[PDB]
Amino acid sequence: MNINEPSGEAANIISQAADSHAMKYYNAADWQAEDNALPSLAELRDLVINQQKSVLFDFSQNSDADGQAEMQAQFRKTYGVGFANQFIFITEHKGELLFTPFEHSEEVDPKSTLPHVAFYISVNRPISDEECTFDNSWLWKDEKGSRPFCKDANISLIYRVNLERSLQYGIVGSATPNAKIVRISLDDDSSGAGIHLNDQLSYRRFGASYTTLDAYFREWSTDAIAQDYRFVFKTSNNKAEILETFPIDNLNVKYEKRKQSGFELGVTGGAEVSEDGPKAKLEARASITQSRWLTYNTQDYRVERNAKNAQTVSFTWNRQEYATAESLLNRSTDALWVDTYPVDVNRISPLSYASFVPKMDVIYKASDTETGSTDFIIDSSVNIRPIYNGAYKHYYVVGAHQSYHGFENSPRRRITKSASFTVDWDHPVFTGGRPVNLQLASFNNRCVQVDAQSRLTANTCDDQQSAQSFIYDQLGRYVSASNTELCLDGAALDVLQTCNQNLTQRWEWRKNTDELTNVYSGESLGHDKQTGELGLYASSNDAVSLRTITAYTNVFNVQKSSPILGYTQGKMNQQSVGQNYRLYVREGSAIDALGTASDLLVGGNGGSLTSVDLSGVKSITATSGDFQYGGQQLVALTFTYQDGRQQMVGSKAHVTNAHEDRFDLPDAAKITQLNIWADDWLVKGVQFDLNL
């Protein structure tokens, strides 16, 4: 929905864009008239990542402080991060959202199992000719005019940001922290273009406009280099503190190293350590290492780490090798007739002017009970330094010579590009839980959804909609992802209630069923088969179904693998999906064998052969129950396609106490690997690995 006209500045941005066909414009003032005017997370990801559009958000229409805060809060809640800028461009970078906040149209004129929120922030600061203009002379600065000492100078950087939670896990003395984590990185796999000052260093020669005997008489001003590059990380309040950084110690000159900066987080665990999957309560069960790769080639520069306080850290690439104009001289004395450039610019590494790509890793922590918000500020700068050298004449009696000198008091100019983003500590990703939904199984595609007034309804499932996602916490409460202060309460199931210690807010799954029970009363969660309204029931009846299905959602990070459908038994069989994009299966009363190639089937020898086409599959449903021969057993897999067609392998006829698990494939995702558990008779479980 577009309701308001574009601002004058937005019209300039749209018209000046290099690819205007890929533009998508949104005036944030529209949200006051229509809550659905803003794109949902699914729509924004589809536009930005799948369709490769450039989405422009416009906050410039109304400058009211109350309105500014409301629109920013809506943006922050929906997309995970907030900015205090009039405009925000959103584009795709490394499969994630890249935010480019800016103020003026001139700034953009081209002429696994760990739950975490990932995005990128880009800064692009062209440096004007005036900003690299210095006097042509230092000895005679008022006489020789001025010139630009750089050419097409530019700062272009991309910051990787991760919002995540670490739980405490591990042996005493080596346990992971229990803290909310904001991680900011400039790494090898997502870096921007870097900082550029010049393709090659030129110079200009000048002489004294007066006769000289014992005086400076000649000067050379060389194109500028970076005396330093600096990167400062700050916060708006003390809710966050620096926990870990790389660099940790100062780096020396001529340092060549690719550093793996690993950070250990405690997690609720994947399918390997948590058998119950989506039905598992929040509990630390494993630790994972999240690594960022940082390549250093410091050459002329040492890297100095400075921590002003617990909230601030800075990294400065400081010139150490050939750091002075004097050090660049390759001549010391000469006869007076000699007239030549006394400087060897080959002593200046190209990292100093041609291309510099900084790398660093900053990990902030906040307490596990932190609330409110914090702004994170990054100041990236280059200290532009022109180079001046001079020649001094010496006459004694009957001989003479000149000596060469460097000047270090000459002017410098620091150009800084700043960026700031806002983090909500109440974001559900900071609970450490993997988001899940509550699907009303009597319906085909209905999930529990919370509206703005916290009322509960049944809506078409959208696994990227926060209103349909919950966190199954350590007490068995179902905490809403839209508001972590609200919980699903059996005392009143028409509206979410403030989370507390009451037993009516705690839920327990009945093993090997689709039945979710309330702790206080022992009754089961039921839903009306027509309206979807929730209630507590001691049994099913004509109007009410007691079947609830839960699965992992994609509100934080898109799931790259399904949970284990069925059960694990024996050796896991990894099978890659071939170019046919087809599954081969021998079926009967159950699934005898399953495979990706007609010859390569894992399982038993019986059953009737058939094939399943993976093209257009929207979801996969696994049916299990007590088999005619044995206990709990996977007996059927149902593939549902986007057109609505369904194909089922196996059967449900020879089973009792049937229950289902549903795995929904994300859009534009390809199945590439199958993990199949089977004995000599039947297939026991299957897990799907995806690529996005």
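We number the residues from 1 along the sequence you see.
- The entry shows a gap from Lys111 to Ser112, with 10 or more unmodelled residues of the deposited sequence in between.
- Higher mean CA temperature factor between 65-73 and 23-31: 65-73, per the PDB entry.
- The mean Cα B-factor in the deposited entry runs higher for 101-109 than for the other of 319-327 and 101-109.
- Set against one another, the Cα B-factors of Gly145, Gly578, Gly433, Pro247 in the record reach their highest point at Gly578.
- Among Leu56, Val649, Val48, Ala42, the highest C-alpha B-factor in the deposited entry belongs to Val649.
- When all modelled residues of the chain are sorted by CA temperature factor, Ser190 is found within the lowest third.
- The entry lists a Cα temperature factor for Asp135 that places it in the lowest third of the chain's modelled residues.
- When all modelled residues of the chain are sorted by CA temperature factor, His405 is found within the lowest third.
- When the CA B factors of the chain's modelled residues are split into thirds, the value for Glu370 lands in the middle one.
- Among the modelled residues of its chain, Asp361 has a C-alpha B-factor that falls in the lowest third according to the deposited record.
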